[PDB]
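None of the figures in this text is laboratory data; all of them are computed from the coordinates on show. Cβ placement follows ideal geometry from the backbone for every residue including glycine, while neighbour counts extend to all protein chains displayed.
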Amino acid sequence: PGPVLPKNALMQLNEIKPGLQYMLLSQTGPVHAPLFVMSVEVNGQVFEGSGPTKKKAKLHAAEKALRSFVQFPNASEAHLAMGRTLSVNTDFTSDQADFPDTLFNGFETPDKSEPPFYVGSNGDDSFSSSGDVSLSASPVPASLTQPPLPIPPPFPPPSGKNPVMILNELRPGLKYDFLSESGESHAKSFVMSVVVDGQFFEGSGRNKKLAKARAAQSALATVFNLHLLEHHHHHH
RNA sequence: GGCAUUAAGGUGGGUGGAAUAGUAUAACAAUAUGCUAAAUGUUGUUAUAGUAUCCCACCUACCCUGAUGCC
C-alpha cells in the first residue's frame, strides 16, 4: 500500500509521557554499521531497542514501552504467579510469498559460424537438440551484433588521463580482476579485466596500473555511453 | 670466470597527499504534538571529527635487461 513513519510512536509516546526517561546503551561497532540500544523507562518499566543511529533505537524502545505502559500506567500491587518460556516448533515452515528464477537451459555454437538453413544432408547433430548445459557459463555464443570473442574489439589507451577514478567515482558499482604476464621481469605485459553492469572488459600493459587504465577506459566509455578522448575541458 | 661503473623496465614494502562513503558532535531556523504551559519529536541550513572504500605521488628494498671498463 505505502510507506510508514515513526511519527506515530513519537506522538503517542508524547501523549502518554508522564515524564519518562530515555537511555542510550551500546553504541559501538564499525564506522558505518554502528549499533545503538536505547532503553526507555516509564513508571519503572524499561524497554530496550537496538537500531543503527539513535533514531530507530529510541523509536522501537518507545513502541515497546508504549504497549507495556498502557497495561501499567499506574501500579499498587505485584506478584510472581506468571512467567515465560521458549520453543523450537518454528525451525521449519510450510508457506512462502516468493519463487525462484534461476536458469534451466543453455547452448553453444556447433561450429566456427552459424550452421546451414537450406539443407538437410550435411550433418546429423544440429536439428535434434536445443541445449546441453544449465550449470556453467563456459560456452561462447554470439548475438550477430558483436564478434564472438570473449571481449569487445580493441580500443586506444589513455596518454595522460586516469579513468580508474572517474569511473570509480561516477559508477563504482563494478569489480576487477587481474590476468597473467608474459616475461620474467622485462618486456612484461600484464593485464586486467573488469565486470561492470554485467558487461566484461580487459586491457594489457607494461605494469598493473597501465593495464587497469586501459581496461577501465574501455569499461567507462562503453557503460557510460561516453568517451575519453573527445574532450579535455569539460571541467576546470 | 670474477670484479667496477653507467643506464632502462618491472615487482614488493614503507611514507606522504587527494577524492568518495556512512556515522557522530555542535550551532541556527522552521514544522509538528501540548498550547494552560513546559517538554519532546520531525525536517532544513551551516561548521567540525576518528574511520572505512579507492586512487595518486614520493621514498626504500628487491628482480631483471642493456652499455662500457678492469683483471
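Under the shape rule built on the C-alpha gyration tensor, where the axes satisfy a ≥ b ≥ c, the stretch A:137-205 is oblate, since a/c reaches at least 1.5 while a/b does not exceed b/c. Above 21 Å, the calculated P(r) of chain A contains 77 percent of its Cα-Cα pairs. Considering the zone a paramagnetic label at A:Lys188 would reach in this model (a point 7 Å from Cα along the Cα-to-Cβ line), which residues of the stretch A:195-236 have amide N under 15 Å from it? Label zone hits: A:204-213.
Just subtract the alpha-carbon distance of A:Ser138 and A:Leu24 from 0.36 nm times their residue separation and send over the number in nm, one decimal.
35.6 nm
Springs between Cα atoms under 10 Å define the GNM used for chain A, and in it the highest mean-square fluctuation of A:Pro73, A:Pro163, A:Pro115 occurs at A:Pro73. Volume per residue of the convex hull around the Cα atoms, evaluated for the stretch A:33-151, comes out as 279 Å³. Taking the inverse of the mean reciprocal distance over all distinct Cα pairs, the Kirkwood hydrodynamic radius of the stretch A:106-230 comes to 17.1 Å. For A:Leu24, the amide hydrogen comes within under 5 Å of the amide hydrogens of A:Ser39, counting only partners 5 or more places away or on other chains and with H modelled in the peptide plane. When the Cα positions of A:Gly205, A:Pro172, A:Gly160 are compared along the charge dipole of the stretch A:145-236, A:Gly160 comes out farthest toward the positive end, with charges on each C-beta of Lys, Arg, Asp and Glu. For the set A:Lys17/A:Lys64; A:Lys161/A:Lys212; A:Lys175/A:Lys209; A:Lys56/A:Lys175, the pairs lying more than 21 angstrom apart at their alpha carbons are A:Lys56/A:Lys175.
Set the Förster radius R0 to 22 Å, insert the Cβ-Cβ distance between A:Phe224 and A:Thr109 as r into 1/(1 + (r/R0)^6), and round the FRET efficiency to 0.05.
Working: r = 31 Å, r/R0 = 1.39.
Step by step, r from the Cβ atoms, then E = 0.10.
How large is the charge dipole for the stretch A:95-144, taken about the Cα centre, if only the Cβ atoms of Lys, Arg (+1) and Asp, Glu (-1) carry charge, to the nearest 20 debye? Value, rounded to 20: 240 debye.
Cα centroids of the stretch A:209-236 and the stretch A:1-60: 47 Å apart.
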